[PDB]
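Novice: Quick one, target-v9.cif (mmCIF, C-alpha atoms):
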```cif
data_input
loop_
_atom_site.label_atom_id
_atom_site.label_comp_id
_atom_site.auth_asym_id
_atom_site.auth_seq_id
_atom_site.Cartn_x
_atom_site.Cartn_y
_atom_site.Cartn_z
CA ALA A 1 52.00 160.11 121.96
CA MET A 2 55.45 161.43 121.26
CA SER A 3 54.86 160.42 117.65
CA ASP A 4 51.98 162.88 117.40
CA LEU A 5 54.03 165.74 119.00
CA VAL A 6 56.79 165.45 116.41
CA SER A 7 55.58 162.95 113.75
CA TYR A 8 58.27 161.19 111.68
CA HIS A 9 57.73 160.23 108.11
CA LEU A 10 60.48 158.97 105.69
CA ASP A 11 59.88 159.16 101.96
CA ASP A 12 62.53 158.99 99.21
CA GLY A 13 65.48 159.88 101.56
CA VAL A 14 63.69 162.90 103.11
CA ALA A 15 62.52 162.66 106.74
CA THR A 16 59.73 165.16 107.48
CA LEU A 17 59.55 166.07 111.22
CA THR A 18 56.17 167.66 111.81
CA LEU A 19 55.78 169.49 115.07
CA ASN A 20 52.22 169.40 116.30
CA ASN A 21 51.67 170.64 119.88
CA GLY A 22 48.41 172.46 120.75
CA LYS A 23 47.48 175.89 119.33
CA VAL A 24 50.94 177.49 118.79
CA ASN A 25 53.40 174.57 118.73
CA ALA A 26 54.97 175.57 122.06
CA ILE A 27 58.36 174.01 122.71
CA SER A 28 57.75 171.97 125.86
CA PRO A 29 60.05 169.39 127.56
CA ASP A 30 58.12 166.60 125.76
CA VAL A 31 58.52 168.38 122.42
CA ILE A 32 62.29 168.35 122.81
CA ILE A 33 62.35 164.68 123.77
CA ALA A 34 60.15 163.94 120.75
CA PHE A 35 62.59 165.98 118.58
CA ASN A 36 65.64 164.14 119.85
CA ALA A 37 63.89 160.80 119.21
CA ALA A 38 62.93 161.89 115.72
CA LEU A 39 66.46 162.97 114.96
CA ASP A 40 67.90 159.78 116.25
CA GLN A 41 65.74 158.04 113.71
CA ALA A 42 66.71 160.51 110.94
CA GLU A 43 70.39 159.80 111.60
CA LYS A 44 69.74 156.11 111.40
CA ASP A 45 67.93 156.56 107.99
CA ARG A 46 70.71 158.91 106.78
CA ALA A 47 67.98 161.23 105.63
CA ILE A 48 67.79 164.80 104.51
CA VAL A 49 65.62 166.31 107.34
CA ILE A 50 62.69 168.72 106.82
CA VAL A 51 61.36 170.23 110.10
CA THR A 52 57.92 171.89 109.74
CA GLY A 53 54.94 172.83 111.91
CA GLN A 54 51.17 173.19 111.46
CA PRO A 55 49.46 175.43 108.95
CA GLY A 56 50.10 179.07 109.77
CA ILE A 57 52.65 178.26 112.48
CA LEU A 58 56.21 176.87 112.94
CA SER A 59 56.27 177.58 116.67
CA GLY A 60 55.40 180.47 119.00
CA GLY A 61 58.34 179.52 121.22
CA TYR A 62 58.99 177.83 124.58
CA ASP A 63 56.02 176.61 126.59
CA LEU A 64 55.31 179.60 128.91
CA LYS A 65 53.44 177.44 131.35
CA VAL A 66 56.64 175.36 131.94
CA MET A 67 58.82 178.51 131.91
CA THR A 68 56.89 180.22 134.65
CA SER A 69 56.33 177.09 136.74
CA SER A 70 59.69 177.38 138.44
CA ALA A 71 63.19 178.58 138.01
CA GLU A 72 64.46 174.93 137.80
CA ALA A 73 62.00 174.07 135.09
CA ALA A 74 62.84 177.23 133.13
CA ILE A 75 66.53 176.52 133.44
CA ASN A 76 66.23 172.91 132.37
CA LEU A 77 63.84 173.75 129.57
CA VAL A 78 66.12 176.38 128.02
CA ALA A 79 69.19 174.16 128.46
CA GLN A 80 67.43 171.32 126.59
CA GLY A 81 66.19 173.58 123.89
CA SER A 82 69.62 175.19 123.37
CA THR A 83 71.23 171.66 123.45
CA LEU A 84 68.70 170.76 120.69
CA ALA A 85 69.75 173.85 118.70
CA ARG A 86 73.39 172.76 119.04
CA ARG A 87 72.47 169.22 117.96
CA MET A 88 70.67 170.48 114.89
CA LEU A 89 73.65 172.58 113.85
CA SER A 90 75.89 169.56 114.23
CA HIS A 91 73.53 167.13 112.56
CA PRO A 92 75.32 164.76 110.14
CA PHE A 93 72.83 165.36 107.28
CA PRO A 94 71.24 168.59 105.98
CA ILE A 95 68.38 170.11 108.00
CA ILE A 96 65.70 172.10 106.14
CA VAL A 97 63.26 174.12 108.16
CA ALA A 98 60.07 174.69 106.27
CA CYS A 99 58.22 177.38 108.15
CA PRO A 100 54.44 177.33 107.44
CA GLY A 101 53.63 180.76 108.96
CA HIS A 102 54.69 182.43 112.24
CA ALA A 103 57.98 181.66 113.99
CA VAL A 104 58.54 183.55 117.26
CA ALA A 105 61.20 183.36 120.01
CA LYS A 106 62.49 179.69 120.27
CA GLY A 107 60.36 178.98 117.21
CA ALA A 108 62.49 181.50 115.33
CA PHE A 109 65.62 179.95 116.90
CA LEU A 110 64.78 176.76 115.09
CA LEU A 111 65.35 178.63 111.76
CA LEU A 112 68.74 179.77 113.03
CA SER A 113 69.72 176.15 113.76
CA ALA A 114 69.34 174.59 110.30
CA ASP A 115 71.07 174.29 106.93
CA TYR A 116 68.40 175.80 104.70
CA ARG A 117 65.20 177.71 105.71
CA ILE A 118 62.01 178.28 103.74
CA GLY A 119 59.10 180.40 104.81
CA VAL A 120 55.66 181.23 103.35
CA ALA A 121 54.27 184.62 102.21
CA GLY A 122 51.37 186.09 104.17
CA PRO A 123 50.37 187.85 107.38
CA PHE A 124 52.98 186.06 109.50
CA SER A 125 55.43 187.24 112.10
CA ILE A 126 58.91 185.89 112.40
CA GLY A 127 61.17 187.18 115.12
CA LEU A 128 62.46 187.23 118.63
CA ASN A 129 59.99 188.91 120.91
CA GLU A 130 61.57 188.12 124.19
CA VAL A 131 62.66 191.69 124.94
CA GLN A 132 59.13 192.83 124.22
CA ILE A 133 57.59 190.58 126.80
CA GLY A 134 60.27 191.31 129.46
CA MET A 135 62.89 188.54 129.08
CA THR A 136 66.61 189.30 128.90
CA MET A 137 67.91 187.17 126.05
CA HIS A 138 70.05 184.18 127.04
CA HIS A 139 73.57 183.69 125.71
CA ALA A 140 72.58 180.73 123.52
CA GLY A 141 69.92 182.75 121.70
CA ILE A 142 72.13 185.80 121.33
CA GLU A 143 74.81 183.56 119.86
CA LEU A 144 72.47 181.68 117.47
CA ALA A 145 71.21 185.04 116.22
CA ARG A 146 74.65 186.55 115.97
CA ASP A 147 75.91 183.82 113.79
CA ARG A 148 73.08 183.81 111.23
CA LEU A 149 71.37 187.22 111.16
CA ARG A 150 72.48 190.08 108.94
CA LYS A 151 74.56 192.41 111.20
CA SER A 152 72.16 195.36 111.08
CA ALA A 153 69.06 193.15 111.42
CA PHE A 154 70.72 191.43 114.42
CA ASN A 155 70.55 194.30 117.02
CA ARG A 156 67.01 195.07 115.72
CA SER A 157 65.84 191.53 116.13
CA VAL A 158 67.44 190.70 119.48
CA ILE A 159 67.76 194.07 121.22
CA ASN A 160 64.67 195.83 119.83
CA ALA A 161 62.48 192.73 119.44
CA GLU A 162 61.68 193.73 115.89
CA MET A 163 59.12 191.48 114.24
CA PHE A 164 59.50 190.57 110.54
CA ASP A 165 57.12 189.71 107.85
CA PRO A 166 58.26 186.85 105.63
CA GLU A 167 60.25 188.99 103.12
CA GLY A 168 61.73 191.00 105.94
CA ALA A 169 62.66 187.79 107.73
CA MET A 170 64.42 186.64 104.55
CA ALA A 171 66.35 189.97 104.30
CA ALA A 172 67.24 189.61 108.05
CA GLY A 173 68.51 186.00 107.80
CA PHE A 174 65.72 183.94 109.39
CA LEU A 175 64.81 182.57 105.92
CA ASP A 176 66.66 181.78 102.66
CA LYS A 177 63.49 181.59 100.56
CA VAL A 178 59.88 182.76 100.57
CA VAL A 179 57.22 180.82 98.62
CA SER A 180 53.39 180.68 98.84
CA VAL A 181 51.55 178.68 101.49
CA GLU A 182 50.83 176.11 98.71
CA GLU A 183 54.35 175.93 97.28
CA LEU A 184 55.93 175.16 100.69
CA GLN A 185 56.07 171.34 100.67
CA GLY A 186 57.14 171.37 97.01
CA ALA A 187 59.82 174.00 97.50
CA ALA A 188 61.23 171.99 100.46
CA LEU A 189 61.43 168.76 98.40
CA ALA A 190 63.02 170.71 95.60
CA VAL A 191 65.84 171.93 97.95
CA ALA A 192 66.10 168.45 99.38
CA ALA A 193 66.50 167.15 95.81
CA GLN A 194 69.47 169.51 95.31
CA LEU A 195 71.00 168.51 98.68
CA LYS A 196 70.80 164.83 97.70
CA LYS A 197 73.52 165.71 95.12
CA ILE A 198 76.27 166.51 97.64
CA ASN A 199 78.62 164.22 99.40
CA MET A 200 77.20 163.51 102.86
CA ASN A 201 80.53 162.71 104.43
CA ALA A 202 82.15 165.90 103.16
CA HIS A 203 78.98 167.75 104.30
CA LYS A 204 79.25 166.37 107.85
CA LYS A 205 82.99 167.06 108.23
CA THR A 206 82.72 170.57 106.66
CA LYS A 207 79.74 171.40 108.92
CA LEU A 208 81.61 170.46 112.10
CA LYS A 209 84.77 172.27 110.86
CA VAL A 210 83.02 175.46 109.80
CA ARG A 211 80.80 175.49 112.87
CA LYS A 212 83.36 174.59 115.55
CA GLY A 213 83.51 178.14 116.94
CA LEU A 214 79.72 178.32 117.04
CA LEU A 215 79.43 174.86 118.62
CA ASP A 216 81.98 175.54 121.38
CA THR A 217 80.38 178.92 122.02
CA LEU A 218 76.95 177.30 122.33
CA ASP A 219 78.34 174.71 124.85
CA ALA A 220 79.86 177.55 126.99
CA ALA A 221 76.58 179.53 126.62
CA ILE A 222 74.35 176.61 127.63
CA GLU A 223 76.37 176.43 130.89
CA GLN A 224 76.46 180.17 131.49
CA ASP A 225 72.69 180.28 130.92
CA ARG A 226 72.11 177.53 133.50
CA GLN A 227 74.13 179.40 136.11
CA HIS A 228 73.13 183.00 135.20
CA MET A 229 70.23 183.43 132.75
CA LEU A 230 67.75 184.13 135.52
#
```
For this file, produce the structure as structure tokens.
Specialist:
Amino acid sequence: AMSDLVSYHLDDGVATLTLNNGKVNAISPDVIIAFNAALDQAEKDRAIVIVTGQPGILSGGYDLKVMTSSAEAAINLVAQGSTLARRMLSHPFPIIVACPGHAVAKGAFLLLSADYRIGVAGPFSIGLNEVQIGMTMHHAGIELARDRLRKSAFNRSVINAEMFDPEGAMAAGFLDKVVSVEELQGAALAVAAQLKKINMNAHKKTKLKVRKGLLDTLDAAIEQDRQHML
């Protein structure tokens, strides 16, 4: 059920999107469809959005099974996932990503696609391991990382595949805040509470205005990656 993959719950103007897909929350084609459906709903409820995963894991990245099944499937999967990153960055209300543990590859791209990011202290890895396992990074990912990561963490993350612990991921730009595994839900609602205080219309317009460069660049990238990522 798509509603188990990304569950949607609305409470007090916050929509929690909970990804729940097997052992490592892989980003599959169904996951992205679920996400788009959940975000459709979040737009319609005008809600502050909190995206989160399962305990100990945000997401280990794209479904490898789909990725390796064929070049067409890999191409369509990454295009959808990048299109989803672009949609999140252009979302009309604030997106909080509440990371409950590890966030690797596309899972760490989700943190680079949001308005506020919170992670949890502990033995977790956050980073972009694609270069480690043999993948040349796609334009979309390079460009999401370029725009958010601290300049000297950026070549280390993308080019060297450096993995970060939570504090390190906050210093590098994956996270804005590190709390304990137990504080996570509460810290997320507390940031949501502060976002409720801003003007949503001014937020939307400022987000599209600030992010125009990034959004056009992502559209060009998504197309370049289709034609040439492989």
Novice: Name the closest residue to residue 6 in chain A among the candidates A:195, A:51, A:105, A:110; distances are taken between atoms, counting all atoms listed in the file.
Specialist: A:51
Novice: I need the residue nearest residue 222 in chain A from this list: A:104, A:78, A:172, A:88. Use only C-alpha atoms for the distance.
Specialist: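 Comparing A:104, A:78, A:172, A:88 against residue 222 in chain A, the winner is A:78.
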Novice: Please report as a Markdown table every residue of range 50-72 of chain A lying within 12 Å of range 30-34 of chain A, along with the nearest atom pair and their distance in Å (one decimal), using only C-alpha atoms.
Specialist:
```
| residue | atom | partner | partner_atom | distance |
| --- | --- | --- | --- | --- |
| A:53 | CA | A:31 | CA | 12.0 |
| A:59 | CA | A:31 | CA | 11.1 |
| A:61 | CA | A:31 | CA | 11.2 |
| A:62 | CA | A:31 | CA | 9.7 |
| A:63 | CA | A:31 | CA | 9.6 |
| A:66 | CA | A:30 | CA | 10.8 |
```
Novice: Tell me which protein, DNA and RNA residues are within 12 Å of residue 112 in chain A, counting only C-alpha atoms, leaving out same-chain ones fewer than 2 positions away, and put them as a VMD selection string.
Specialist: chain A and resid 82 84 to 86 88 to 89 95 to 97 99 103 to 110 114 to 118 126 to 128 140 to 150 154 169 to 170 172 to 176 214
Novice: Suppose you want the space between CA of residue 16 in chain A and CA of residue 93 in chain A; what is it in Å?
Specialist: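 Computed distance, CA of residue 16 in chain A to CA of residue 93 in chain A, equals 13.1 Å.
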Novice: Figure out the distance between CA of residue 49 in chain A and CA of residue 171 in chain A, please, to one decimal in Å.
Specialist: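 Straight-line distance from CA of residue 171 in chain A to CA of residue 49 in chain A works out to 23.9 Å.
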Novice: Between A:121, A:158, A:210, A:39, which residue has the minimum interatomic distance to residue 9 in chain A, considering only C-alpha atoms?
Specialist: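 Closest candidate: A:39.
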Novice: Would you compute the distance between CA of residue 155 in chain A and CA of residue 133 in chain A? Give it in Å to one decimal.
Specialist: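 About the pair CA of residue 155 in chain A and CA of residue 133 in chain A: they are 16.7 Å apart.
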Novice: Tell me which residues the PyMOL selection byres ((chain A and resi 79) around 8) grabs here, as a list in words.
Specialist: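 Going through the file, the PyMOL selection byres ((chain A and resi 79) around 8) ends up selecting residues 75, 76, 77, 78, 80, 81, 82, 83, 222, 223, 225 and 226 of chain A.
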Novice: Which neighbours of residue 23 in chain A fall inside 12 Å, counting only C-alpha atoms, when residues of the same chain fewer than 2 positions from it are skipped, and could you give them as a VMD selection string?
Specialist: chain A and resid 19 to 21 25 to 27 53 to 61 63
Novice: Can you work out which one of A:160, A:90, A:185, A:29 has the shortest atom-to-atom distance to residue 212 in chain A, counting only C-alpha atoms?
Specialist: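 Closest residue, counting only C-alpha atoms: A:90.
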